[PDB]
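Asker: Quick one: the structure is below, and I'll ask about it shortly.
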Amino acid sequence: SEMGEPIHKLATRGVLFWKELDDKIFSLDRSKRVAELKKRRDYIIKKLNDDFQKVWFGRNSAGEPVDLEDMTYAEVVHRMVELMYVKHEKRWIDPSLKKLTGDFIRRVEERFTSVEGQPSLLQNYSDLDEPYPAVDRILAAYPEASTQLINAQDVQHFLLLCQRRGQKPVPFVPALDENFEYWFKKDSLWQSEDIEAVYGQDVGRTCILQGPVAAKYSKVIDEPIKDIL
Amino acid sequence: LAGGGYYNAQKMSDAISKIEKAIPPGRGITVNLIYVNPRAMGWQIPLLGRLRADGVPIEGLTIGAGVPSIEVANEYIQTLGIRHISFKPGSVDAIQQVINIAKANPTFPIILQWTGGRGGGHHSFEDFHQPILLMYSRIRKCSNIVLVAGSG
Amino acid sequence: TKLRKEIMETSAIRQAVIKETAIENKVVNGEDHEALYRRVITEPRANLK
Amino acid sequence: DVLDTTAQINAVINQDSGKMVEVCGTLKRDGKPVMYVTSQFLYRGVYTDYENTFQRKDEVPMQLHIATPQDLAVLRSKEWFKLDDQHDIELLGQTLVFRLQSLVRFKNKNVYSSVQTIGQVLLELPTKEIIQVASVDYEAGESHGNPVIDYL
Amino acid sequence: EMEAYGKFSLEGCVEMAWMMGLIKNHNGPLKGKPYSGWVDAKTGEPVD
Amino acid sequence: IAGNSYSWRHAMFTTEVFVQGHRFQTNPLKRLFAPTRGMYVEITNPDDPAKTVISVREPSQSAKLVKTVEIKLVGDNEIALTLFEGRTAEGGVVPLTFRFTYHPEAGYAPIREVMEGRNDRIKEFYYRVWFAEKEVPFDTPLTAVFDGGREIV
């Protein structure tokens, strides 16, 4: 578990890879951890991208997986939206994550403005309600934001934003750092209760808890509980 | 009511007083608090206790993952006005704990929910049978205990 | 000296009134409301292309 | 003595302890008021009947000193400040007395649903005359404070 | 920047101030609350 | 006072939780029927449920035991919890009563309380006990000024 405790989960694709890391990564002392993550980086990145609750926040404009550090400012603001706002339901997974994406936007603004006085194109986070429409407009007023990658400083900033107190844990993985554990297995249940949120929306990569023996004793779905009892 | 999904004091006293109003008048509510989360469980307990004093229909408390200390339970019992208290032990000695908690208050309802190794999520390494097969006698010899089989 | 006064005087009044009516809004609407509705001017940073 | 007992409800607001009522009594004798017996009562418990909560306070007598055309220009620039057609005594040098009354209606114990302030702006002449140079009229709903009192 | 324009851009200041050792990048807690970005080398404080 | 018969009289002295709306409340009979220096408790028509009547008598201040509490039925299930206060505005024992439904349907909370009017009903009581007038100015606006009347000291 998060706390390090044993758990019984529906041995999904995700939960299986999670077990793998329990043994290959979370098995090693805090220190030697980062080292091993770098030797199996792209292997852990495939397994992330393919079948886990949380994806690798790494993709570029052309849909291919890259390093967070190789992303453009645009691609990042966009990828944040992609992974925290469910298109076909027109909702954010949580108002906080909207604020997140909104803040970083503001940041990308500041990075690309160089005279005082000019106000923000995102003056109220009410705009990100219907995001994908209005976001492109803001990103538009800052041309180069699509030309050049994240300033190494801003990467660090981004990463501290995904950890701030009073925010739903990020719905993905920002990098294989010293906190790769927190990134990976923090807040893993919620996704079983709302699979419309999940990447691709398959349970295949989700945490559903079950006894080993009470799994046979369930055969019909959607039975009223008044009945079962 | 799984209290372990209520991070905010407001959202818990909220969804709790939504239940009071959609219930067979007279029914009691039972909240389930996680013991290895003493941070969140810090506000949760005096929250329940405070609610009950206003009339809110909570007459049942359940402490999961870890068995409180004898005087830790004694507070819960005689502070928040609950009618029954439910512990989830997981080891042979965890049981004996509960028993003493019971001998502590020989006038109080103590639902001894017994779980086995094959439970969902957080699970001991114990077998269902041999712990109970070993303790049953002593458990019974305390009247306050409601031995409730669970798991599998 | 007359002209000196009138000019300084009217501007003083004008910008004083503004501060007044600005304060009035923080009272009536509350810190939170008035705060969250102010033009957010971005502070420049430097990117080394 | 023969005493005529008159009373009215100066405020009923629901604090946390319970709900409270302020009773202002006036004992009159020979047509003339002799002593006001105010009093507060507590219907103790939990209340959310904010639709009928309200208060008539007598705002603290306050002393505003106009000293600059800047000062005066603001005291006139106010919406709630209504100067009178008595005399055009330059309000410049002198100071003014603001004895106000007000009525507030609650909604949240934190946020006034609606507030009204009426008062009299006084000036004392060199001769010791007291004139109503103006008066105060302000009212708004959904207010967090009293913008008139604040200015003062 | 100097030879041509005659003074330092904000971009230039930060570059000089970096190599002169007046500011160094910090990334971790600073007086409790976390923080990243430029910091005054002398006074451990942050700098905009 | 509950007896062995599963009656309403047994549930009144058993359940410490009286349901009111969606709230629990401490069984007031616990405080009422707590032992006293010389209290009397009678159970008329004991084994005849619908006709059983429970009454209490405690010593007055310097006087012989007086009627204090009574419980009986009315309109089927509506139980009448009644209190009798001697000294009043009219020199006569005025009664205050709380009404309770009783649905042995639900064994956990066999007793509920009749809510509607409780406020008004009780206010009426006081009014009668303070000024001896049973008719109590409800609809009078709070803007209203209130007359206490002429008075000679």
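Asker: Considering Cα pairs under 8 angstrom that are at least six residues apart, work out the relative contact order of chain A and quote it in whole percent.
Answerer: About 33 percent, as a whole number.
Asker: Just to be sure I understand the model, the point goes 7 Å from the Cα along the line to the Cβ. What's the resulting A:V115 to F:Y40 distance in nm?
Answerer: Result: 10.0 nm between the two label points.
Asker: Over the whole of B:112-123, what's the average partner chain Cβ count within 10 Å per residue? Rounded to a whole number, please. Please list the in-between numbers first.
Answerer: Values: counts 0, 0, 0, 1, 2, 5, 7, 8, 11, 11, 7, 7.
Average per residue, whole number: 5.
Asker: Roughly what would the spin-label model give for F:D147 and D:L64, points 7 Å off Cα along C-beta, in nm?
Answerer: Label-label distance for F:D147 and D:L64, simple model: 4.3 nm.
Asker: Here is a further query. If you average the sequence gap of Cα pairs under 8 Å that are 6 or more apart and divide by the length of chain D, what percent do you get for the contact order?
Answerer: 18
Asker: Rank-order F:34-41, B:136-143, B:87-94 by packing density, defined as the average count of other C-beta atoms within 10 Å over each peptide's residues, highest first. Could the numbers behind the result be given before it?
Answerer: Details: F:34-41: 10.2, B:136-143: 12.2, B:87-94: 18.8.
Sorting F:34-41, B:136-143, B:87-94 by mean packing, highest first, produces B:87-94, B:136-143, F:34-41.
Asker: While we're on this one: Taking K and R as +1 and D and E as -1, what net charge do the other residues with C-beta under 9 Å from the C-beta of C:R45 add up to?
Answerer: Result for the neighbourhood of C:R45: -2.
Asker: What does the net charge come to around B:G152 if you take all other residues with beta carbon closer than 13 Å to its beta carbon, with K and R at +1 and D and E at -1? Write out the running numbers ahead of the final one.
Answerer: Working: positive: A:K216, B:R118; negative: B:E126, B:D127.
Taking every Cβ under 13 Å from that of B:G152, the sum is 0.
Asker: Given Cβ point charges of +1 (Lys, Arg) and -1 (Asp, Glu) and nothing else, what value in debye, to the nearest 20, does the dipole of the protein assembly as shown about its Cα centre take?
Answerer: 2540
Asker: Next question, about the same structure. Given F:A34, E:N25, A:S120, which one lies farthest toward the positive end of the charge dipole of the protein assembly as shown, if we put +1 on the Cβ of every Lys and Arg and -1 on the Cβ of every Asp and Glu?
Answerer: Result: F:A34, furthest along the dipole toward the positive end.
Asker: What does DSSP give for the protein assembly as shown in terms of the percent of beta bridges that are antiparallel, rounded to the nearest 5?
Answerer: In the protein assembly as shown, DSSP labels about 85 percent of beta bridges as antiparallel.
Asker: Taking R0 as 60 Å, what FRET efficiency do you get between E:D48 and D:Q86 from their Cβ-Cβ distance, rounded to the nearest 0.05?
Answerer: Rounded to the nearest 0.05, the efficiency is 0.60.
Asker: Determine, from the Cβ-Cβ distance of E:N25 and A:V213 and an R0 of 45 Å, the FRET efficiency 1/(1 + (r/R0)^6), rounded to the nearest 0.05.
Answerer: Given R0 = 45 Å and the Cβ-Cβ separation, E is 0.25.
Asker: I'd like to know which of B:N37, B:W114, B:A53 lies farthest towards the positive end of the charge dipole of region B:10-152, counting +1 on Cβ of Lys and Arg and -1 on Cβ of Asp and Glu.
Answerer: B:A53
Asker: I want to check the label-to-label distance for A:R41 and F:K67. Put each point 7 Å from Cα in the C-beta direction and report it in nm to one decimal.
Answerer: Those two pseudo-labels are separated by 9.3 nm.
Asker: Let me check I've understood the local charge: for F:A106, count other residues with C-beta under 12 angstrom from its C-beta, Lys and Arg +1, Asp and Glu -1. What total comes out?
Answerer: Values: positive: B:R27, F:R112; negative: F:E105.
Cβ neighbours under 12 Å give a net charge of +1.
Asker: What whole-number distance in Å separates the alpha-carbon centres of region A:164-210 and region B:91-152?
Answerer: A separation of 34 Å, based on Cα centres.
Asker: Moving on. Please build a GNM for chain B, connecting alpha carbons under 10 Å apart, and tell me which residue among B:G121, B:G49, B:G60 fluctuates the most.
Answerer: For chain B, modelled as a Gaussian network with Cα springs under 10 Å, the answer is B:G121.
Asker: With r defined as the distance between the Cβ atoms of E:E15 and D:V23 and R0 fixed at 56 Å, what FRET efficiency is calculated, to the nearest 0.05? It would help to have the intermediate numbers written out before the result.
Answerer: Values: r = 75 Å, r/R0 = 1.34.
Taking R0 as 56 Å, the efficiency between E:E15 and D:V23 is 0.15.
Asker: Relative contact order for region A:12-145: what percent, with Cα pairs under 8 Å and sequence separation of 6 or more?
Answerer: RCO, region A:12-145: 16 percent.
Asker: Counting partner chain Cβ atoms within 10 Å of every residue's Cβ in D:24-34, what's the average? All intermediate terms of the calculation are to be shown ahead of the outcome.
Answerer: Working: counts 0, 2, 2, 2, 0, 2, 0, 0, 0, 0, 0.
Partner-chain Cβ atoms within 10 Å, mean over residues of D:24-34: 1.
Bear in mind these aren't lab numbers, they're just calculated from the coordinates by the rules spelled out. For neighbour counting, all protein chains shown are included, and Cβ atoms are generated from backbone atoms with ideal geometry for every residue, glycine included.
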